C-alpha cells in the first residue's frame, strides 16, 4: 500500500509522464522485446505493428497509476485484462520484468526530470497495481484447474 507522501508524488508527476507518453511506452516496448526476447511469443508478432500491444500495456499502467486512489472503480477493467493474461499464460514472475523495464523507460525518456525519489514512487505504485492483477489471475487460474 502507498503512503500519502508517495501518492502525492504520483499525483504531481503523472502529467509529466503523460506529456511524454508515446515516447515512454514506445521505449518500454522496444526495450522489453530487445532485452527479454523470451516474452515475444506471448504477444501478436504481426510484421508491421508489433509494438502496439506492449505500448498499450505501459499506457494502461500509467492510467491505473493516475487512478491509484480509486482502483475499485477500475477493477472491472483489470478483470477483463486478467482473462487475456491468463489465456496468454502470464505468470506472477513476469511482473518484476515488466516493472523494471517500465521504470527504465521512464528514466530513459524523462532524463533528469525523473529523480530517484520520483522513480522510487513509481516503482511502489507499479507494485500495488501488479499485486491486484496477480491476485485476480491467481484465482482465475485456480478456478480452471480445480
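Positions refer to the first chain, counted from 1.
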| query | Hey, which bit's got the bigger mean C-alpha B factor in the entry, 37-45 or 75-83? | reply | 37-45
| query | Out of 5-13 and 124-132, which stretch has the higher average CA B-factor listed in the record? | reply | 5-13
| said: Between 119, 97, 57, 105, which one tops the list for Cα B-factor in this entry? | reply: 97
| field | Third of chain Cα B-factors occupied by residue 62 | value | lowest
| query | Looking at the C-alpha B-factor of residue 109, is it in the lowest, middle or highest third of its chain? | reply | lowest
| field | Chain-wide C-alpha B factor ranking for residue 90, given as lowest, middle or highest third | value | highest
| request: Would you check the entry's CA temperature factor for residue 51 and let me know if it's in the chain's lowest, middle or highest third? | output: highest
